[PDB]
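Asker: need a 3D model of the sequence below.
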Amino acid sequence: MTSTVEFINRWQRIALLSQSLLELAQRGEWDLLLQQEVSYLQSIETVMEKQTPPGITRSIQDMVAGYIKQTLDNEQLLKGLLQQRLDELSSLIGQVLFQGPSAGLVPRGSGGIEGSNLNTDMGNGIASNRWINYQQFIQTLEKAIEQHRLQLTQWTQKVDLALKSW
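Answerer: Numbers count the residues shown, from 1 in each chain. See below for the structure:
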């Protein structure tokens, strides 16, 4: 029981955590998202570094698969709108000390989360520390979604294939 409960508990941690962060971003609490950057990335690593214990049943495997797949959605969607947030931040602020992919420039010293709707080839901005944090976010999300993929695959998926049309 105990070891299996540790396993499930920590996948419940990542599932509901990444879910909360996905929703947090969608609502426009982006600076708060970065105040929970280190919270997330630390916890998610300290779970996935553990190996899958025995005592598992049918119900347990499917349920944990539900938690991992939940945060698979939460991570990939967080990739989507956080990257879109990077695009708009760069076209919002523009070039300064730090150059960018022809986003133009606006003499403005940020303003919390101003927000906007315009894409960028990669990114740039005046909020240097915060932008470098977002880069750190995506990189550790990349290695997090890497370990998530491989471990969910090993956990539940025998045949890594699905090539059929509707």
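Asker: so who does residue 85 touch?
Answerer: 25, 30, 134 (CB atoms under 8 Å, 6 or more residues apart in numbering). Where C-beta positions appear, they are placed from N, C-alpha and C, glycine not excepted.
Asker: list only buried entries from these.
Answerer: Neighbour counting over the contacts of residue 85 (16 or more other CB atoms under 10 Å) leaves 25, 30, 134 as the buried ones.
Asker: hmm, back to that, now the contacts of residue 85 in JSON lines, with distance to residue 94 and secondary structure?
Answerer: As requested, the contacts of residue 85 are exported to JSON lines (distance: CB to CB, whole Å; DSSP: H, G, I helix; E, B strand; the rest coil):
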{"residue": "25", "distance to residue 94": "23", "secondary structure": "helix"}
{"residue": "30", "distance to residue 94": "18", "secondary structure": "helix"}
{"residue": "134", "distance to residue 94": "17", "secondary structure": "helix"}
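Asker: ok, the buried ones among the contacts of residue 85 vs residue 71, which is closest?
Answerer: Nearest to residue 71 among those is residue 25, at 14.1 Å by CB to CB.
Asker: I'd say that closest one and residue 81 touch.
Answerer: Yes: applying CB atoms under 8 Å, one finds residue 25 in contact with residue 81, separated by 5.7 Å.
Asker: for residue 11, which non-adjacent residue is closest in space?
Answerer: Leaving aside its chain neighbours, residue 11 sits nearest to residue 67 (4.0 Å; criterion: CB to CB, 6 or more residues apart in numbering).
Asker: so how far is residue 9 from that neighbour?
Answerer: Counting by CB to CB, to the nearest Å, the gap from residue 67 to residue 9 is 10 Å.
Asker: more neighbours, those two?
Answerer: Neighbours per residue, other CB atoms under 10 Å: of residue 67 and residue 9, the larger number sits with residue 67, 22 against 11.
Asker: can I assume the more buried one is in contact with residue 12?
Answerer: Yes: applying CB under 8 Å, one finds residue 67 in contact with residue 12, separated by 5.9 Å.
Asker: just to revisit the earlier point, let me know the closest of the contacts of residue 85 to residue 127.
Answerer: The closest of the contacts of residue 85, once distances to residue 127 are taken by CB to CB, is residue 134, at 9.2 Å.
Asker: buried ones in the lengthiest helix in the chain, by neighbour count?
Answerer: Criterion DSSP state H: the longest helix present in the chain is helix 58-93. Under the neighbour-count criterion of 16+ other CB under 10 Å, helix 58-93 has 64-65, 67-68, 70-72, 74-75, 77-78, 82, 85-93 buried.
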